[PDB]
Structures are given as structure tokens and as C-alpha cells.
>>> print(open('entry24.pdb').read())   # PDB, C-alpha atoms and all ligand atoms
ATOM      1  CA  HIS A  26      92.926  92.347 -45.528
ATOM      2  CA  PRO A  27      91.974  94.717 -48.421
ATOM      3  CA  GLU A  28      89.677  92.060 -50.091
ATOM      4  CA  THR A  29      87.588  91.804 -46.820
ATOM      5  CA  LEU A  30      87.122  95.634 -47.054
ATOM      6  CA  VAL A  31      85.967  95.134 -50.732
ATOM      7  CA  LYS A  32      83.332  92.613 -49.436
ATOM      8  CA  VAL A  33      82.175  94.915 -46.542
ATOM      9  CA  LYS A  34      81.528  97.712 -49.118
ATOM     10  CA  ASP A  35      79.794  95.204 -51.434
ATOM     11  CA  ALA A  36      77.572  94.281 -48.393
ATOM     12  CA  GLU A  37      76.526  98.008 -48.050
ATOM     13  CA  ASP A  38      75.572  97.950 -51.770
ATOM     14  CA  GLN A  39      73.503  94.716 -51.493
ATOM     15  CA  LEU A  40      71.746  95.746 -48.173
ATOM     16  CA  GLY A  41      71.310  99.456 -49.071
ATOM     17  CA  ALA A  42      72.575 100.233 -45.525
ATOM     18  CA  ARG A  43      75.677 101.139 -43.480
ATOM     19  CA  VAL A  44      77.971  98.286 -42.263
ATOM     20  CA  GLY A  45      80.478  98.766 -39.388
ATOM     21  CA  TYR A  46      83.448  96.324 -39.149
ATOM     22  CA  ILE A  47      86.565  95.843 -36.982
ATOM     23  CA  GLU A  48      89.167  93.030 -36.518
ATOM     24  CA  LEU A  49      91.430  93.219 -33.395
ATOM     25  CA  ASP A  50      94.448  91.053 -32.564
ATOM     26  CA  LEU A  51      93.182  89.347 -29.338
ATOM     27  CA  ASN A  52      96.692  89.370 -27.723
ATOM     28  CA  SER A  53      97.954  92.966 -28.566
ATOM     29  CA  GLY A  54      94.614  94.858 -29.154
ATOM     30  CA  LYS A  55      96.033  96.191 -32.501
ATOM     31  CA  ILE A  56      93.409  97.050 -35.208
ATOM     32  CA  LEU A  57      93.993  94.789 -38.287
ATOM     33  CA  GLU A  58      91.048  96.093 -40.427
ATOM     34  CA  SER A  59      88.167  98.614 -39.948
ATOM     35  CA  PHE A  60      85.184 100.210 -41.738
ATOM     36  CA  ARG A  61      83.117 102.972 -39.990
ATOM     37  CA  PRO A  62      84.846 102.016 -36.681
ATOM     38  CA  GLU A  63      83.546 105.121 -34.752
ATOM     39  CA  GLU A  64      79.938 105.319 -36.105
ATOM     40  CA  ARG A  65      77.112 104.251 -33.748
ATOM     41  CA  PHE A  66      74.889 101.181 -34.366
ATOM     42  CA  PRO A  67      72.226  99.491 -32.195
ATOM     43  CA  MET A  68      73.758  96.664 -30.061
ATOM     44  CA  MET A  69      70.532  94.552 -30.059
ATOM     45  CA  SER A  70      71.117  91.178 -28.222
ATOM     46  CA  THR A  71      74.964  91.670 -28.411
ATOM     47  CA  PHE A  72      74.621  93.709 -25.116
ATOM     48  CA  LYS A  73      73.785  90.369 -23.318
ATOM     49  CA  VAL A  74      77.547  89.483 -23.243
ATOM     50  CA  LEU A  75      78.335  92.860 -21.543
ATOM     51  CA  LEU A  76      75.433  92.211 -19.054
ATOM     52  CA  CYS A  77      76.848  88.775 -18.045
ATOM     53  CA  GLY A  78      80.316  90.432 -17.789
ATOM     54  CA  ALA A  79      78.784  92.886 -15.215
ATOM     55  CA  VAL A  80      77.190  89.893 -13.363
ATOM     56  CA  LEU A  81      80.517  87.950 -13.277
ATOM     57  CA  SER A  82      82.289  91.148 -11.973
ATOM     58  CA  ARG A  83      79.788  91.161  -9.024
ATOM     59  CA  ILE A  84      80.371  87.405  -8.396
ATOM     60  CA  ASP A  85      84.182  88.167  -8.327
ATOM     61  CA  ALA A  86      83.503  90.985  -5.736
ATOM     62  CA  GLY A  87      81.304  88.780  -3.416
ATOM     63  CA  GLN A  88      78.063  90.648  -4.427
ATOM     64  CA  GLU A  89      76.318  87.815  -6.399
ATOM     65  CA  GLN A  90      76.451  83.945  -6.723
ATOM     66  CA  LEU A  91      76.076  81.701  -9.841
ATOM     67  CA  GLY A  92      73.839  79.403  -7.683
ATOM     68  CA  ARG A  93      71.337  82.031  -6.443
ATOM     69  CA  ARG A  94      67.772  80.961  -7.519
ATOM     70  CA  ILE A  95      65.394  83.718  -8.841
ATOM     71  CA  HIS A  96      61.562  83.321  -8.922
ATOM     72  CA  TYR A  97      59.470  85.372 -11.416
ATOM     73  CA  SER A  98      55.856  85.496 -12.760
ATOM     74  CA  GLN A  99      53.847  85.301 -16.041
ATOM     75  CA  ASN A 100      53.907  89.155 -16.189
ATOM     76  CA  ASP A 101      57.786  89.247 -16.413
ATOM     77  CA  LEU A 102      57.750  87.190 -19.714
ATOM     78  CA  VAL A 103      58.414  89.216 -22.915
ATOM     79  CA  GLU A 104      58.597  88.102 -26.604
ATOM     80  CA  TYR A 105      60.970  85.106 -27.283
ATOM     81  CA  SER A 106      61.592  83.487 -23.856
ATOM     82  CA  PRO A 107      62.164  79.820 -24.881
ATOM     83  CA  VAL A 108      63.946  78.894 -21.564
ATOM     84  CA  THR A 109      62.367  81.332 -18.984
ATOM     85  CA  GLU A 110      58.753  80.506 -20.100
ATOM     86  CA  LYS A 111      59.395  76.884 -18.877
ATOM     87  CA  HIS A 112      60.433  77.801 -15.248
ATOM     88  CA  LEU A 113      57.480  79.833 -13.827
ATOM     89  CA  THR A 114      57.032  77.448 -10.802
ATOM     90  CA  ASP A 115      60.731  76.449 -10.048
ATOM     91  CA  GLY A 116      62.612  79.663 -11.089
ATOM     92  CA  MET A 117      66.188  79.753 -12.514
ATOM     93  CA  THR A 118      69.713  80.268 -11.097
ATOM     94  CA  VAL A 119      71.837  83.315 -12.144
ATOM     95  CA  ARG A 120      74.053  80.685 -13.955
ATOM     96  CA  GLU A 121      70.989  79.334 -15.902
ATOM     97  CA  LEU A 122      69.909  82.959 -16.764
ATOM     98  CA  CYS A 123      73.308  83.976 -18.260
ATOM     99  CA  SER A 124      73.324  80.632 -20.238
ATOM    100  CA  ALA A 125      69.748  81.352 -21.509
ATOM    101  CA  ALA A 126      70.580  85.064 -22.314
ATOM    102  CA  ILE A 127      73.851  84.342 -24.219
ATOM    103  CA  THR A 128      73.344  80.855 -25.805
ATOM    104  CA  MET A 129      69.543  81.070 -26.584
ATOM    105  CA  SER A 130      69.124  84.937 -26.514
ATOM    106  CA  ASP A 131      66.167  84.564 -24.034
ATOM    107  CA  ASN A 132      64.770  88.167 -23.628
ATOM    108  CA  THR A 133      63.104  87.642 -20.184
ATOM    109  CA  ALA A 134      66.429  86.190 -18.912
ATOM    110  CA  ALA A 135      68.202  89.470 -19.921
ATOM    111  CA  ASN A 136      65.506  91.581 -18.121
ATOM    112  CA  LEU A 137      65.813  89.419 -14.919
ATOM    113  CA  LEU A 138      69.640  89.881 -15.020
ATOM    114  CA  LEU A 139      69.276  93.686 -15.584
ATOM    115  CA  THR A 140      67.056  93.738 -12.398
ATOM    116  CA  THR A 141      69.935  92.035 -10.414
ATOM    117  CA  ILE A 142      72.425  94.891 -11.199
ATOM    118  CA  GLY A 143      69.912  97.828 -10.940
ATOM    119  CA  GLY A 144      68.857  98.250 -14.631
ATOM    120  CA  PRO A 145      70.338  99.642 -17.891
ATOM    121  CA  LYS A 146      71.934 102.689 -16.174
ATOM    122  CA  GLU A 147      74.062 100.336 -13.957
ATOM    123  CA  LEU A 148      75.308  98.388 -17.067
ATOM    124  CA  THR A 149      76.276 101.836 -18.476
ATOM    125  CA  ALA A 150      78.045 102.691 -15.136
ATOM    126  CA  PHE A 151      79.932  99.292 -15.241
ATOM    127  CA  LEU A 152      81.112 100.191 -18.808
ATOM    128  CA  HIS A 153      82.239 103.806 -17.853
ATOM    129  CA  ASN A 154      84.144 102.251 -14.904
ATOM    130  CA  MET A 155      86.260  99.955 -17.224
ATOM    131  CA  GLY A 156      87.042 102.859 -19.647
ATOM    132  CA  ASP A 157      84.220 102.462 -22.311
ATOM    133  CA  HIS A 158      82.674 106.036 -22.443
ATOM    134  CA  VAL A 159      80.724 105.237 -25.712
ATOM    135  CA  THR A 160      78.716 101.973 -25.255
ATOM    136  CA  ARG A 161      75.384 102.685 -23.430
ATOM    137  CA  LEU A 162      72.199 100.758 -22.535
ATOM    138  CA  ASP A 163      69.086 102.931 -21.858
ATOM    139  CA  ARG A 164      66.124 100.506 -22.245
ATOM    140  CA  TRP A 165      64.911  96.941 -21.434
ATOM    141  CA  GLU A 166      63.809  94.111 -23.777
ATOM    142  CA  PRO A 167      62.076  94.577 -26.128
ATOM    143  CA  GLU A 168      62.267  98.415 -26.608
ATOM    144  CA  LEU A 169      66.139  98.523 -26.759
ATOM    145  CA  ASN A 170      65.836  97.040 -30.356
ATOM    146  CA  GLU A 171      63.804 100.024 -31.804
ATOM    147  CA  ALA A 172      66.842 101.321 -33.824
ATOM    148  CA  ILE A 173      65.349 104.813 -34.544
ATOM    149  CA  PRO A 174      67.793 106.479 -37.042
ATOM    150  CA  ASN A 175      70.283 108.862 -35.246
ATOM    151  CA  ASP A 176      68.994 107.751 -31.764
ATOM    152  CA  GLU A 177      72.156 107.054 -29.624
ATOM    153  CA  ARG A 178      70.183 105.005 -27.004
ATOM    154  CA  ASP A 179      71.244 101.303 -26.787
ATOM    155  CA  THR A 180      74.188 101.836 -29.232
ATOM    156  CA  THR A 181      77.950 101.135 -29.474
ATOM    157  CA  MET A 182      80.730 101.761 -32.049
ATOM    158  CA  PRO A 183      82.532  98.755 -33.661
ATOM    159  CA  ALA A 184      85.893  99.931 -32.114
ATOM    160  CA  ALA A 185      84.385 100.409 -28.585
ATOM    161  CA  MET A 186      82.542  97.032 -28.535
ATOM    162  CA  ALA A 187      85.698  95.208 -29.833
ATOM    163  CA  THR A 188      87.955  96.831 -27.151
ATOM    164  CA  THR A 189      85.355  96.081 -24.385
ATOM    165  CA  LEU A 190      84.936  92.408 -25.486
ATOM    166  CA  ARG A 191      88.748  92.041 -25.490
ATOM    167  CA  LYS A 192      89.068  93.474 -21.912
ATOM    168  CA  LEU A 193      86.307  91.074 -20.629
ATOM    169  CA  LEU A 194      87.814  87.919 -22.299
ATOM    170  CA  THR A 195      91.583  88.570 -21.589
ATOM    171  CA  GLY A 196      92.058  91.461 -19.077
ATOM    172  CA  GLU A 197      92.547  91.358 -15.247
ATOM    173  CA  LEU A 198      88.966  92.869 -15.238
ATOM    174  CA  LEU A 199      87.348  89.426 -14.540
ATOM    175  CA  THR A 200      89.098  86.559 -12.638
ATOM    176  CA  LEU A 201      90.419  83.563 -14.681
ATOM    177  CA  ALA A 202      87.335  81.406 -13.740
ATOM    178  CA  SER A 203      84.911  84.248 -14.770
ATOM    179  CA  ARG A 204      86.713  84.938 -18.122
ATOM    180  CA  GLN A 205      86.525  81.173 -18.864
ATOM    181  CA  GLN A 206      82.780  81.085 -17.953
ATOM    182  CA  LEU A 207      81.964  84.121 -20.242
ATOM    183  CA  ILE A 208      83.802  82.634 -23.304
ATOM    184  CA  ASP A 209      82.250  79.153 -22.537
ATOM    185  CA  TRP A 210      78.691  80.638 -22.742
ATOM    186  CA  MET A 211      79.649  82.419 -26.034
ATOM    187  CA  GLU A 212      81.184  79.149 -27.455
ATOM    188  CA  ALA A 213      77.891  77.276 -26.758
ATOM    189  CA  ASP A 214      75.909  80.044 -28.730
ATOM    190  CA  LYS A 215      72.999  78.106 -30.460
ATOM    191  CA  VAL A 216      71.292  80.975 -32.460
ATOM    192  CA  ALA A 217      74.165  82.410 -34.697
ATOM    193  CA  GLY A 218      74.302  79.358 -37.110
ATOM    194  CA  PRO A 219      73.799  81.286 -40.432
ATOM    195  CA  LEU A 220      76.380  84.051 -39.596
ATOM    196  CA  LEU A 221      80.213  83.553 -39.048
ATOM    197  CA  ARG A 222      79.684  79.887 -37.945
ATOM    198  CA  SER A 223      78.478  78.905 -41.512
ATOM    199  CA  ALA A 224      81.884  80.103 -43.000
ATOM    200  CA  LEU A 225      83.977  78.618 -40.152
ATOM    201  CA  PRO A 226      85.987  75.470 -40.953
ATOM    202  CA  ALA A 227      86.254  72.367 -38.746
ATOM    203  CA  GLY A 228      89.161  72.808 -36.257
ATOM    204  CA  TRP A 229      88.506  76.601 -35.776
ATOM    205  CA  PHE A 230      87.380  78.061 -32.401
ATOM    206  CA  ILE A 231      84.421  80.525 -32.328
ATOM    207  CA  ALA A 232      82.782  82.196 -29.296
ATOM    208  CA  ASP A 233      80.066  84.640 -30.518
ATOM    209  CA  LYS A 234      76.773  86.518 -29.824
ATOM    210  CA  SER A 235      74.380  87.564 -32.636
ATOM    211  CA  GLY A 236      71.743  90.397 -32.642
ATOM    212  CA  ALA A 237      68.652  91.419 -34.662
ATOM    213  CA  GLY A 238      66.454  94.554 -34.319
ATOM    214  CA  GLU A 239      63.926  96.742 -36.145
ATOM    215  CA  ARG A 240      64.733  98.554 -39.427
ATOM    216  CA  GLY A 241      66.888  95.586 -40.626
ATOM    217  CA  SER A 242      69.359  95.831 -37.665
ATOM    218  CA  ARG A 243      71.764  92.790 -37.536
ATOM    219  CA  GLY A 244      75.149  92.179 -35.867
ATOM    220  CA  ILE A 245      77.643  89.756 -34.306
ATOM    221  CA  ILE A 246      80.584  89.945 -31.864
ATOM    222  CA  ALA A 247      83.098  87.045 -31.890
ATOM    223  CA  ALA A 248      86.424  85.701 -30.632
ATOM    224  CA  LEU A 249      87.690  83.208 -33.241
ATOM    225  CA  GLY A 250      90.851  81.618 -34.612
ATOM    226  CA  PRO A 251      92.451  78.499 -36.099
ATOM    227  CA  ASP A 252      93.883  75.401 -34.311
ATOM    228  CA  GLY A 253      91.038  75.268 -31.688
ATOM    229  CA  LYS A 254      91.989  78.656 -30.033
ATOM    230  CA  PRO A 255      90.748  82.289 -30.377
ATOM    231  CA  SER A 256      93.339  84.824 -31.704
ATOM    232  CA  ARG A 257      91.077  87.663 -33.061
ATOM    233  CA  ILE A 258      87.971  89.754 -32.181
ATOM    234  CA  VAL A 259      85.487  90.509 -35.005
ATOM    235  CA  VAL A 260      82.544  92.983 -34.657
ATOM    236  CA  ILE A 261      80.017  93.491 -37.521
ATOM    237  CA  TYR A 262      76.922  95.782 -37.285
ATOM    238  CA  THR A 263      74.342  96.938 -39.849
ATOM    239  CA  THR A 264      71.127  99.018 -39.520
ATOM    240  CA  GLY A 265      68.682 100.590 -42.035
ATOM    241  CA  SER A 266      68.285  97.737 -44.609
ATOM    242  CA  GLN A 267      64.866  96.691 -46.025
ATOM    243  CA  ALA A 268      66.443  93.295 -47.074
ATOM    244  CA  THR A 269      65.040  89.948 -45.756
ATOM    245  CA  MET A 270      66.612  88.220 -42.695
ATOM    246  CA  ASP A 271      68.054  85.560 -45.165
ATOM    247  CA  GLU A 272      69.795  88.303 -47.304
ATOM    248  CA  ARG A 273      71.271  90.037 -44.173
ATOM    249  CA  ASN A 274      72.497  86.604 -42.872
ATOM    250  CA  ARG A 275      74.100  85.819 -46.309
ATOM    251  CA  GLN A 276      76.051  89.175 -46.415
ATOM    252  CA  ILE A 277      77.524  88.670 -42.898
ATOM    253  CA  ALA A 278      78.408  85.001 -43.792
ATOM    254  CA  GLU A 279      80.224  86.267 -46.977
ATOM    255  CA  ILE A 280      82.203  88.824 -44.849
ATOM    256  CA  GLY A 281      83.095  85.789 -42.682
ATOM    257  CA  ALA A 282      84.226  83.646 -45.687
ATOM    258  CA  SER A 283      86.517  86.562 -46.813
ATOM    259  CA  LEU A 284      87.981  87.113 -43.285
ATOM    260  CA  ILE A 285      88.817  83.310 -43.062
ATOM    261  CA  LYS A 286      90.183  83.088 -46.674
ATOM    262  CA  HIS A 287      92.612  86.051 -46.150
ATOM    263  CA  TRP A 288      93.395  85.269 -42.432
TER     264      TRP A 288
HETATM  265  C1  LIG A 301      68.337  89.768 -30.071
HETATM  266  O1  LIG A 301      69.017  90.474 -30.799
HETATM  267  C2  LIG A 301      67.039  90.025 -29.671
HETATM  268  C3  LIG A 301      66.254  90.968 -30.251
HETATM  269  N1  LIG A 301      64.916  90.836 -30.200
HETATM  270  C4  LIG A 301      64.048  90.969 -31.358
HETATM  271  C5  LIG A 301      64.502  90.028 -32.490
HETATM  272  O2  LIG A 301      65.031  88.934 -32.158
HETATM  273  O3  LIG A 301      64.266  90.410 -33.665
HETATM  274  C6  LIG A 301      62.577  90.701 -31.010
HETATM  275  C7  LIG A 301      62.449  89.252 -30.509
HETATM  276  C8  LIG A 301      61.686  90.877 -32.274
HETATM  277  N2  LIG A 301      60.262  91.077 -32.021
HETATM  278  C9  LIG A 301      59.595  92.188 -31.610
HETATM  279  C10 LIG A 301      58.289  91.844 -31.591
HETATM  280  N3  LIG A 301      58.162  90.564 -32.010
HETATM  281  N4  LIG A 301      59.364  90.093 -32.297
HETATM  282  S1  LIG A 301      62.161  91.907 -29.716
HETATM  283  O4  LIG A 301      62.842  91.523 -28.488
HETATM  284  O5  LIG A 301      62.562  93.187 -30.255
END
>>> encode(input="entry24.pdb", output="C-alpha cells")
Amino acid sequence: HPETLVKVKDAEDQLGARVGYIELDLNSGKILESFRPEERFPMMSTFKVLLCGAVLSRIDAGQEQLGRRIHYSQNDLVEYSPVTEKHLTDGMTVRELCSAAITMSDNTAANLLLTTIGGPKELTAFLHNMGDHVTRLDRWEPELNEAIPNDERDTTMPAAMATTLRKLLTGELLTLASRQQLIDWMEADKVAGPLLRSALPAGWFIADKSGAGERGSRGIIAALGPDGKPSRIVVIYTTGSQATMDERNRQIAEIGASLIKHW
């Protein structure tokens, strides 16, 4: 809606930074609203949904199992590993690692899952293979969050990320069971509370993944809709702001309130 576009531009003003925005119809793929849809932004922890999509694709092909147990050491742990830091002696299943990467944004869990598929360049190959020639991962946690201005490493465009999320959640790309598992992890997201979830009324469905990086980078990808079912994809990215985490949270929440109000 035009008034959501007014609020996206007001968010640029308040953050002193670029904001990218797209709304897709989940069913048809049609673009309902866009701002800077083909400019690049750092993905930050939003890549973790694409990573677990690549993992589920391998499970579908008989090349991985949800139940396989992985052992790791102290020296694998990076900053913010609230689940993985508790399982040094017993390890974690692939299932537990995707849950920790998506719902808790555990950084070690994402690194362990990147190891299973052969690193960032194999996530990029998975994406090329399904028709996304824009989205790219180049680095591991934590360096992929550096957000150097004009650096195209570890970036997407709002339009590319929205199309890719749609193909993962509703295509023939994953099996029915794998689609359902990916959206179930995103629905149990525990660390996106002050973003679209704070504007979302009781009775609405949301499956999302949030991201934060250096140089005021912030973002969210989501499947949401009324009556307990998703019917739209929303992608919001910003980078460059000097504003506090609270002020960046508040601007994305206000974009959310406007999207809901003018649904
Ligand atoms: C999700 O988007 C994860 C990004 N990681 C950032 C962040 O959450 O801001 C980390 C945890 C921030 N950080 C760096 C050093 N100390 N904290 S890191 O993984 O870039």
C-alpha cells in the first residue's frame, strides 16, 4: 500500500540509512509493494534459513539425515552460541543444529551446518542451481556480518531473497515434509520479538528470521498472514545507520504496523 511506502521512506530519514522492502503474494509470486528491490544489503543471520533449505534438499536426496549426531570441540565455538556451548561432550543432531541456527540464531550451529554441505561456496552453488544468481555467501560466522559499504560478499537483494524464500516454502524444490519442517523452525523463531512480531495481532501466522550486523545492519524475512495461515512474504533490510539497536527495532516494527493496518 502507498502508506507503507511513506513509512519505509520515513524509516530512511530516522535511521539516516538505506532501507530495502518487498511484499510478495505467497501463492502467485506477484510483487505487491517494493522499495530499492534490486539494491544489495548484507543478509546477516537471515542466510541461516537458506542454509537449512540446502540441508533439507540433501535429506530429500538421501545425502543427509535429521538424526545424524555431530561432535565438535571448544575451538569450534564462536560468539553467541547459547545452544552449541552446552553440548561439547554429547554433540547435536542435524535436526537440533537447524533448530538452534533458525530459532535461537546460534552462530556455531550455522558454521557446523556449513561444514556439512562444503562451506559458503556450496550454499552459493545450491542458490545458483534453483535460479537465484544474486544471493551469495562468501564467509563464515562471524566475519559474514562485516557489512563493508559496497562489498557484495554475503549480500542479497530484497526481490531475490523474497523469491528464494517463496520457492523454499511453497515450490516442488523441497518435499512436503521438508517445506513443513523449514516453516516450523521459522514459526518457533525466539529472537525476533521486537520486529514484525510486536505489530502482529493474535490470530495471525508469522514464520520469520531476523538479522543484525556491523554498521547498523538489521533485517527480517517472513511468511505471515491472517486467520492462522501465511499468505505473504515480507523482506526488510537496512545497513549504514548509527542509530541504537532499540531505534532500528522500532522502525522495522512501525513498517510492520503499517503493513498490517493496510493489509
Ligand atoms: C545474526 O544476525 C547474527 C549476527 N551476529 C552478530 C550480531 O548478532 O550482532 C554478532 C553476534 C555480533 N558480535 C560480533 C562480536 N561480538 N558480537 S557476530 O556473529 O557478528
>>> closest_residue(input="entry24.pdb", among="A:99, A:264, A:114, A:71", to="ligand LIG 301 (chain A)", atoms="all atoms listed in the file")
A:71
>>> resolve_selection(input="entry24.pdb", expression="the PyMOL selection byres (((chain A and resi 248) around 10) and not hetatm)", output="PyMOL selection string")
chain A and resi 48-51+187+190-191+194+208+211-212+230-234+246-247+249-250+254-260
>>> resolve_selection(input="entry24.pdb", expression="the PyMOL selection byres (((not hetatm)) within 8 of (chain A and resi 301))", output="list in words")
residues 68, 69, 70, 71, 103, 104, 105, 130, 131, 132, 166, 167, 168, 169, 170, 171, 235, 236, 237, 238, 239 and 243 of chain A
>>> closest_residue(input="entry24.pdb", among="A:44, A:75, A:135, A:123", to="residue A:206", atoms="all atoms listed in the file")
A:123
>>> atom_distance(input="entry24.pdb", atom1="atom CA of residue A:40", atom2="atom CA of residue A:268")
5.9 Å
>>> build_atoms(input="entry24.pdb", residues="stretch 111-145 of chain A", atoms="N, CA and C atoms", output="PDB file, in the coordinates of the input")
ATOM      1  N   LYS A 111      59.557  78.268 -19.397  1.00  0.00           N
ATOM      2  CA  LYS A 111      59.395  76.884 -18.877  1.00  0.00           C
ATOM      3  C   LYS A 111      59.619  76.796 -17.357  1.00  0.00           C
ATOM      4  N   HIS A 112      60.002  77.870 -16.669  1.00  0.00           N
ATOM      5  CA  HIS A 112      60.433  77.801 -15.248  1.00  0.00           C
ATOM      6  C   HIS A 112      59.642  78.797 -14.384  1.00  0.00           C
ATOM      7  N   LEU A 113      58.349  78.956 -14.650  1.00  0.00           N
ATOM      8  CA  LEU A 113      57.480  79.833 -13.827  1.00  0.00           C
ATOM      9  C   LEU A 113      57.385  79.294 -12.399  1.00  0.00           C
ATOM     10  N   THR A 114      57.259  77.988 -12.182  1.00  0.00           N
ATOM     11  CA  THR A 114      57.032  77.448 -10.802  1.00  0.00           C
ATOM     12  C   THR A 114      58.388  77.291 -10.073  1.00  0.00           C
ATOM     13  N   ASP A 115      59.467  76.852 -10.736  1.00  0.00           N
ATOM     14  CA  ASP A 115      60.731  76.449 -10.048  1.00  0.00           C
ATOM     15  C   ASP A 115      61.777  77.593 -10.076  1.00  0.00           C
ATOM     16  N   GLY A 116      61.634  78.579 -10.951  1.00  0.00           N
ATOM     17  CA  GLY A 116      62.612  79.663 -11.089  1.00  0.00           C
ATOM     18  C   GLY A 116      63.860  79.207 -11.852  1.00  0.00           C
ATOM     19  N   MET A 117      64.893  80.049 -11.881  1.00  0.00           N
ATOM     20  CA  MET A 117      66.188  79.753 -12.514  1.00  0.00           C
ATOM     21  C   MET A 117      67.319  80.364 -11.700  1.00  0.00           C
ATOM     22  N   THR A 118      68.480  79.721 -11.722  1.00  0.00           N
ATOM     23  CA  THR A 118      69.713  80.268 -11.097  1.00  0.00           C
ATOM     24  C   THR A 118      70.254  81.404 -11.977  1.00  0.00           C
ATOM     25  N   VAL A 119      71.075  82.278 -11.403  1.00  0.00           N
ATOM     26  CA  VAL A 119      71.837  83.315 -12.144  1.00  0.00           C
ATOM     27  C   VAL A 119      72.644  82.625 -13.264  1.00  0.00           C
ATOM     28  N   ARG A 120      73.270  81.479 -12.962  1.00  0.00           N
ATOM     29  CA  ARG A 120      74.053  80.685 -13.955  1.00  0.00           C
ATOM     30  C   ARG A 120      73.151  80.322 -15.138  1.00  0.00           C
ATOM     31  N   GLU A 121      71.982  79.725 -14.864  1.00  0.00           N
ATOM     32  CA  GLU A 121      70.989  79.334 -15.902  1.00  0.00           C
ATOM     33  C   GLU A 121      70.525  80.568 -16.692  1.00  0.00           C
ATOM     34  N   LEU A 122      70.409  81.741 -16.067  1.00  0.00           N
ATOM     35  CA  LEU A 122      69.909  82.959 -16.764  1.00  0.00           C
ATOM     36  C   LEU A 122      70.963  83.493 -17.737  1.00  0.00           C
ATOM     37  N   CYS A 123      72.228  83.552 -17.346  1.00  0.00           N
ATOM     38  CA  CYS A 123      73.308  83.976 -18.260  1.00  0.00           C
ATOM     39  C   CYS A 123      73.401  82.969 -19.432  1.00  0.00           C
ATOM     40  N   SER A 124      73.306  81.662 -19.179  1.00  0.00           N
ATOM     41  CA  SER A 124      73.324  80.632 -20.238  1.00  0.00           C
ATOM     42  C   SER A 124      72.156  80.888 -21.196  1.00  0.00           C
ATOM     43  N   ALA A 125      70.947  81.114 -20.683  1.00  0.00           N
ATOM     44  CA  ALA A 125      69.748  81.352 -21.509  1.00  0.00           C
ATOM     45  C   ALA A 125      69.897  82.687 -22.261  1.00  0.00           C
ATOM     46  N   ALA A 126      70.422  83.754 -21.636  1.00  0.00           N
ATOM     47  CA  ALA A 126      70.580  85.064 -22.314  1.00  0.00           C
ATOM     48  C   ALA A 126      71.601  84.963 -23.457  1.00  0.00           C
ATOM     49  N   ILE A 127      72.750  84.341 -23.230  1.00  0.00           N
ATOM     50  CA  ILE A 127      73.851  84.342 -24.219  1.00  0.00           C
ATOM     51  C   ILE A 127      73.602  83.245 -25.255  1.00  0.00           C
ATOM     52  N   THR A 128      73.366  82.000 -24.851  1.00  0.00           N
ATOM     53  CA  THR A 128      73.344  80.855 -25.805  1.00  0.00           C
ATOM     54  C   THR A 128      72.005  80.782 -26.561  1.00  0.00           C
ATOM     55  N   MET A 129      70.890  81.175 -25.958  1.00  0.00           N
ATOM     56  CA  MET A 129      69.543  81.070 -26.584  1.00  0.00           C
ATOM     57  C   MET A 129      68.960  82.466 -26.851  1.00  0.00           C
ATOM     58  N   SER A 130      69.617  83.531 -26.407  1.00  0.00           N
ATOM     59  CA  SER A 130      69.124  84.937 -26.514  1.00  0.00           C
ATOM     60  C   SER A 130      67.716  85.095 -25.913  1.00  0.00           C
ATOM     61  N   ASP A 131      67.455  84.467 -24.764  1.00  0.00           N
ATOM     62  CA  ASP A 131      66.167  84.564 -24.034  1.00  0.00           C
ATOM     63  C   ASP A 131      66.012  86.026 -23.569  1.00  0.00           C
ATOM     64  N   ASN A 132      64.926  86.710 -23.923  1.00  0.00           N
ATOM     65  CA  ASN A 132      64.770  88.167 -23.628  1.00  0.00           C
ATOM     66  C   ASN A 132      64.377  88.386 -22.160  1.00  0.00           C
ATOM     67  N   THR A 133      63.496  87.555 -21.611  1.00  0.00           N
ATOM     68  CA  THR A 133      63.104  87.642 -20.184  1.00  0.00           C
ATOM     69  C   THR A 133      64.355  87.417 -19.322  1.00  0.00           C
ATOM     70  N   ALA A 134      65.206  86.473 -19.684  1.00  0.00           N
ATOM     71  CA  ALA A 134      66.429  86.190 -18.912  1.00  0.00           C
ATOM     72  C   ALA A 134      67.278  87.465 -18.803  1.00  0.00           C
ATOM     73  N   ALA A 135      67.430  88.207 -19.905  1.00  0.00           N
ATOM     74  CA  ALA A 135      68.202  89.470 -19.921  1.00  0.00           C
ATOM     75  C   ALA A 135      67.562  90.506 -18.984  1.00  0.00           C
ATOM     76  N   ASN A 136      66.239  90.619 -18.993  1.00  0.00           N
ATOM     77  CA  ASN A 136      65.506  91.581 -18.121  1.00  0.00           C
ATOM     78  C   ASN A 136      65.748  91.208 -16.644  1.00  0.00           C
ATOM     79  N   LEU A 137      65.618  89.921 -16.301  1.00  0.00           N
ATOM     80  CA  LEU A 137      65.813  89.419 -14.919  1.00  0.00           C
ATOM     81  C   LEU A 137      67.252  89.743 -14.476  1.00  0.00           C
ATOM     82  N   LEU A 138      68.226  89.608 -15.374  1.00  0.00           N
ATOM     83  CA  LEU A 138      69.640  89.881 -15.020  1.00  0.00           C
ATOM     84  C   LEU A 138      69.864  91.396 -14.889  1.00  0.00           C
ATOM     85  N   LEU A 139      69.236  92.206 -15.740  1.00  0.00           N
ATOM     86  CA  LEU A 139      69.276  93.686 -15.584  1.00  0.00           C
ATOM     87  C   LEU A 139      68.718  94.087 -14.200  1.00  0.00           C
ATOM     88  N   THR A 140      67.631  93.467 -13.746  1.00  0.00           N
ATOM     89  CA  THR A 140      67.056  93.738 -12.398  1.00  0.00           C
ATOM     90  C   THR A 140      68.150  93.469 -11.347  1.00  0.00           C
ATOM     91  N   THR A 141      68.953  92.400 -11.472  1.00  0.00           N
ATOM     92  CA  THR A 141      69.935  92.035 -10.414  1.00  0.00           C
ATOM     93  C   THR A 141      70.959  93.171 -10.233  1.00  0.00           C
ATOM     94  N   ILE A 142      71.302  93.912 -11.296  1.00  0.00           N
ATOM     95  CA  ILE A 142      72.425  94.891 -11.199  1.00  0.00           C
ATOM     96  C   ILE A 142      71.889  96.302 -11.015  1.00  0.00           C
ATOM     97  N   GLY A 143      70.567  96.509 -11.102  1.00  0.00           N
ATOM     98  CA  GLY A 143      69.912  97.828 -10.940  1.00  0.00           C
ATOM     99  C   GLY A 143      69.558  98.518 -12.271  1.00  0.00           C
ATOM    100  N   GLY A 144      69.417  97.752 -13.360  1.00  0.00           N
ATOM    101  CA  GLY A 144      68.857  98.250 -14.631  1.00  0.00           C
ATOM    102  C   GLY A 144      69.909  98.702 -15.645  1.00  0.00           C
ATOM    103  N   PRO A 145      69.452  99.159 -16.828  1.00  0.00           N
ATOM    104  CA  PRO A 145      70.338  99.642 -17.891  1.00  0.00           C
ATOM    105  C   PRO A 145      71.386 100.672 -17.447  1.00  0.00           C
TER     106      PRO A 145
END
